[PDB]
Amino acid sequence: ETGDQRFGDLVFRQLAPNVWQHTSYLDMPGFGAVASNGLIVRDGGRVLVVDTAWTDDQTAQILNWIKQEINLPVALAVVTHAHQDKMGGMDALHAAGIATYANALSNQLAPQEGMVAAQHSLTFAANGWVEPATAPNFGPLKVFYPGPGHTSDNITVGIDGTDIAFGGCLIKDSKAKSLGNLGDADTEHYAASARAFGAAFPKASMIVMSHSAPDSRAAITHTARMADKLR
Ligand SMILES: NCc1ccc2sc([B-](O)(O)O)cc2c1
Ligand SMILES: [Ca+2]
Ligand SMILES: [Ca+2]
Ligand SMILES: [Zn+2]
Ligand SMILES: [Zn+2]
């Protein structure tokens with residue numbers, strides 16, 4: 001699509017003056033190439049990343065695109081649950097010297113999920129908001145744990161000062177026919193978790209998600225409506 005850029009195997013789309021979507025692809029036998037999206041945020045003189053790519057090599061391509069196109073140091077990455085599309089590239093982040101953060105529960109599940117744990121653990125209050133001392137110097141990133149849904153550990157991120165919030169694999173697009181990979185999902189709590197994400201970021205109008213292009217808030221309510229039928 002127009003204005004998108006491609007570096008190696010990766011596609012980048014600018015969403016706002018300081019925010020880009022990164023997209024990487026992995027051949028899933030019997031589906032074909034599955035896109036996964038994350039975010040890149042320029043926060044003054046540094047960059048913040050949300051989610052790895054599927055693989056280490058793809059994640060290194062993100063970092064080199066950042067070097068070439070933004071030319072600011074990457075201060076930290078937040079990864080949104082312990083599955084390959086979101087944490088497959090941890091080793092590349094660590095090799096590059098980027099501090100990594102994930103839900104404590106993601107870090108605990110990581111070995112069991114075949115992922116490398118982050119260096120730091122985020123913890124959350126009963127209302128879902130990150131405990132701030134666990135997310136030092138996060139700039140505009142506002143991290144929210146909406147409850148179990150796509151996985152028990154899934155987290156979400158709003159970008160303060162912008163219209164954007166990132167639902168990761170929890171949120172599906174508003175035309176979707178299904179909730180995707182439910183293999184690790186909590187079918188009972190999913191709908192409430194989707195709605196909690198919407199209530200956490202009530203003014204966000206651009207909802208970015210792992211497996212579809214950015215959508216409106218319709219993605220949230222549609223996701224929740226689909227999830228209500230799992231119960
Ligand atoms: N090659 C493993 C493989 C293939 C497709 C998906 S999709 C996915 B999820 O969206 O649930 O996080 C992880 C995953 C892992
Ligand atoms: Ca690895
Ligand atoms: Ca699993
Ligand atoms: Zn997943
Ligand atoms: Zn996914």
Side-chain angles (χ1 to χ4, degrees), residues 8-11 21-39 49-64 77-119 145-157 165-190 193-194 197 207-215 219-220 222-223 226-227 230:
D9 312 316
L10 272 280
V11 172
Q21 184 181 250
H22 65 78
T23 306
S24 61
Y25 304 83
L26 179 274
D27 28 302
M28 232 216 275
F31 184 90
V34 175
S36 180
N37 302 320
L39 289 171
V49 171
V50 180
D51 290 338
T52 75
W54 296 95
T55 69
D56 291 313
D57 278 346
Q58 292 165 2
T59 299
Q61 292 176 20
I62 296 171
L63 300 180
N64 284 281
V78 173
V79 295
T80 63
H81 65 280
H83 279 165
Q84 188 186 346
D85 48 349
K86 312 287 80 190
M87 291 179 74
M90 295 299 283
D91 289 318
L93 294 181
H94 298 157
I98 294 166
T100 57
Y101 294 80
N103 188 349
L105 181 59
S106 302
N107 290 328
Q108 192 171 353
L109 290 172
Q112 247 191 116
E113 294 295 319
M115 300 296 119
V116 171
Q119 293 177 315
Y145 173 62
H150 169 74
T151 59
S152 57
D153 61 318
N154 54 204
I155 61 170
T156 69
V157 184
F166 181 72
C169 309
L170 177 70
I171 302 302
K172 314 311 174 166
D173 69 90
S174 58
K175 291 174 175 185
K177 82 311 319 153
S178 83
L179 290 168
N181 186 164
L182 289 174
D184 290 13
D186 178 335
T187 62
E188 178 182 11
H189 300 120
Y190 199 131
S193 298
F197 167 71
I207 305 305
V208 180
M209 69 207 82
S210 292
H211 304 294
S212 298
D215 201 355
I220 305 166
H222 183 69
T223 293
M226 290 194 290
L230 306 169

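Starting from 1, each residue takes its place in the sequence as its number. Side-chain atoms are counted along with the backbone in the values below, which use heavy atoms only and exclude waters and symmetry mates. In listed order, ligands and their atoms are each counted from 1.
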Query raised in the report: If we ignore angles and hydrogens, is there a donor and acceptor under 3.5 Å between the side chains of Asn181 and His83?
Result: no
Query raised in the report: Would one find more than 12 heavy atoms of other residues, nucleotides or ligands at under 6.0 Å from atom CD of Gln108?
Result: no
Report summary line: Looking at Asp184, the N, O or S atom sitting nearest the Ca ion (ligand 3) is OD2
Query raised in the report: What's the spacing between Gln21 CD and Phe166 CZ if we round to 0.5 Å?
Result: 8.0 Å
Report task. Report yes or no: does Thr52 contribute a side-chain atom to a donor-acceptor pair with the main-chain N or O of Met90 at less than 3.5 Å? Result -> no
Query raised in the report: Quick one: do the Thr55 and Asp57 side chains pair a donor with an acceptor below 3.5 Å?
Result: no
Query raised in the report: Near the Ca ion (ligand 2), which protein N/O/S atoms fall under 3.0 Å?
Result: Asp56 OD2, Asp91 OD2
Report task. Give the name of the N/O/S atom in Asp85 that lies closest to the Zn ion (ligand 5). Result -> OD2
Report summary line: Heavy-atom nearest pair, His94 first then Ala117, reads CE1-O, 3.4 Å
Requested in this report: Examine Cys169 and say whether one of its N/O/S atoms is closer to the Zn ion (ligand 5) than 2.8 Å.
Outcome: yes
Report task. Please report the closest heavy-atom contact between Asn37 and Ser212, naming both atoms and the distance. Result -> ND2-O, 2.9 Å
Query raised in the report: From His211, does some N, O or S atom reach closer than 2.8 Å to the Zn ion (ligand 5)?
Result: yes
Report summary line: Scanning both residues in full, the closest heavy-atom pair of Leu170 with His150 reads CD1-N, 3.7 Å
